[PDB]
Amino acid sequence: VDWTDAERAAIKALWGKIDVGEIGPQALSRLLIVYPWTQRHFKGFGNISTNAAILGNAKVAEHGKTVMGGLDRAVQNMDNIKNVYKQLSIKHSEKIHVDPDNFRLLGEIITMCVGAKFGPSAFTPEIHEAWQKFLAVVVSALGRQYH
């Protein structure tokens, strides 16, 4: 939708600092810890029954990286997000049936993790702003089919 150069810049610039394999694992791990009902969706990850089980489980770390790769797909196609997320929508919302609001929760956890990594001087109100408009779009593109 309407992205400005200022927005693309801030977002691209931020995705470019982020180390996917580090923020991804931490984010997906927090989702599972802080909001434990999300665990029901990853029954195929094995041992995630305790918080240390979770923090150590390599399958969780692996999947956290897949999520960041999924986000990269959008940062790479910022003007067609909805169409390029054609598959991820269907999977999550037509097959798995993740309640929409969980997308927001993981979106928030990543932002928070992005925050704790870079600080208030890189993750400024201005960046934070472009970034949030970005996740709001991803979130919207991820859901649908359930209703």
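Residue indices: 1-based, along the sequence shown.
Looking at mean Cα B-factors across 110-118 and 32-40, the upper value is held by 110-118.
In this entry, 86-94 shows the higher mean Cα temperature factor of the pair 86-94 and 101-109. For the set 66, 26, 57, 80, the PDB entry puts the maximum C-alpha B factor at 80. In this PDB entry, the Cα temperature factor of residue 61 sits in the bottom third of its chain's modelled residues, the lowest group. In the PDB entry, residue 137 places in the middle third of its chain by CA B-factor. Residue-level temperature factors show residue 52 in the middle third of its chain, judged at the C-alpha atom. In this PDB entry, the Cα temperature factor of residue 130 sits in the bottom third of its chain's modelled residues, the lowest group.
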